[PDB]
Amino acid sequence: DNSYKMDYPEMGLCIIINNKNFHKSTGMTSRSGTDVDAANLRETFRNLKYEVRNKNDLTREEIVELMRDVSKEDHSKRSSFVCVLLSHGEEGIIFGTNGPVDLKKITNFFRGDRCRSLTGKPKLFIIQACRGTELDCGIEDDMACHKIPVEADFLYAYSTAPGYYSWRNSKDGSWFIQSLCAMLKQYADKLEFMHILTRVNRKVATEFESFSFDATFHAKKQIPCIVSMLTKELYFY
């Protein structure tokens, strides 16, 4: 039909990978406020009736192993799958405590042909992480129904545009996760997911602007980036 079947016995798993402290050997800074994000996400998705699992400070190999193991579970009774990544990043990559991991490597475990119990079901990846270091200064023969693509039914909700910084507040957490949780709490029971994320886009874009004693980091702006390979509308109610 036009909407994903969301009345399975379980909504599904929500894995939250929260990397705050990084190996001294990498020289990466601590991510203050990420715990606020993790807590916020846990509550938001608990309310949406997901089975939330929080993990902290995982190495690159621990991330891969976790995803591999999770992709091997039986999701037959689950409507969907959600993974949230909170860490440093670059374009196409997220950081384990000890070094970079290609996002493709993580998401590949859930491909239509590699995780059969999630075939045809919405696979949501929410990524709070830099995608580079640019700063936004702002302005102002009938074969139907035989097969589906292995890349189909994924949604990648990026906190920021390709190549750009992603902003985070020590007190309130990241702009994106902050806004995402608020919009889900307010609209999960009346808007389709893409429309929810569009309001997150507007909230982040209009209501947030950096303030810094360092001119380089001051008055900066952010726009999130919705990437959908979904084939159906997604309602959480």
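Counting begins at 1, following the sequence as shown.
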- Check the entry's C-alpha temperature factors for 185-193 and 198-206, then say which stretch has the higher mean. 185-193
- Item | Mean temperature factor over C-alpha atoms, higher-scoring stretch between 13-21 and 225-233 | 13-21
- C-alpha B-factor winner, where the candidates are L155, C145, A161, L86: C145
- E91: CA B-factor among chain residues, third -> lowest
- Cα B factor band for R111 (lowest, middle or highest third within the chain): middle
- Message: Could you place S76 in the lowest, middle or highest third of its chain by Cα temperature factor, using the values in the record?
- Response: highest
- Going by what the PDB entry lists, where does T44 fall on CA B-factor within its chain: lowest, middle or highest third? middle
- Message: Using only modelled residues of the chain, where does the Cα B factor of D141 rank: lowest third, middle third or highest third?
- Response: highest
